[PDB]
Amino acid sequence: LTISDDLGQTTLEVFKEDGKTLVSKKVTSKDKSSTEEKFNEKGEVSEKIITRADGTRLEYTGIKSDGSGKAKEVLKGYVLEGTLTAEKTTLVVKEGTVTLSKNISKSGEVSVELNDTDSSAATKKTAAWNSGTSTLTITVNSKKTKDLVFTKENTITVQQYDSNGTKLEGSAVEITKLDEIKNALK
């Protein structure tokens, strides 16, 4: 246990028997956020559970030596699962021929991409990602249909456009079930 100077960090770290090979480590910050890490026979990270201030966790399990592993993000009402690589993390939601990918870079840059394998020029879905607004805009038949704003509060919000795609209408609703995300990609 090593507490930082500003009395804000509680680094619950445990050594195996001597002080060379790490085993487990938990660091709790002031803003209710923790980063649990587990290690292997070598000393490279095996699991990495990171908790944000709002309670949404980003859990990494089964980290291999090459830098890969299993990825899953737990949220209020639904979870997003995927894979981590030494490049970036991808979280995948699939509905029919449409696959939605959420990308989290090693620098924290969140990216969202969409792909539809249908070859029809009408029903195929395409998306454009806005970095500043953090909204994925789904386009169908060269007209905008839905807006997918990914809030900094770790939630997915959908706002629908009009019949011509000129502007969004009504109010933007929040997603509380995984089936809702699948319904948006149909």
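Residue numbers run from 1 along the displayed sequence.
Mean C-alpha B-factor is higher over 17-25 than over the other stretch, the pair under comparison being 17-25 and 162-170. If you average the C-alpha B-factors over 171-179 and over 7-15, the higher value belongs to 7-15. When the Cα B-factors of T56, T157, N141, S65 are read from the PDB record, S65 comes out highest. Going by the entry's values, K106 shows the largest Cα B-factor out of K106, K76, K94, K72. When all modelled residues of the chain are sorted by CA temperature factor, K32 is found within the highest third. Ranked within its chain, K125 lands in the lowest third, by CA B factor from the PDB record. Per the deposited record, the Cα B-factor of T117 falls in the middle third when ranked against the other modelled residues of its chain. The PDB entry assigns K152 a C-alpha temperature factor belonging to the middle third of its chain's modelled residues. Sorting the modelled residues of the chain by their CA temperature factor places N40 in the highest third.
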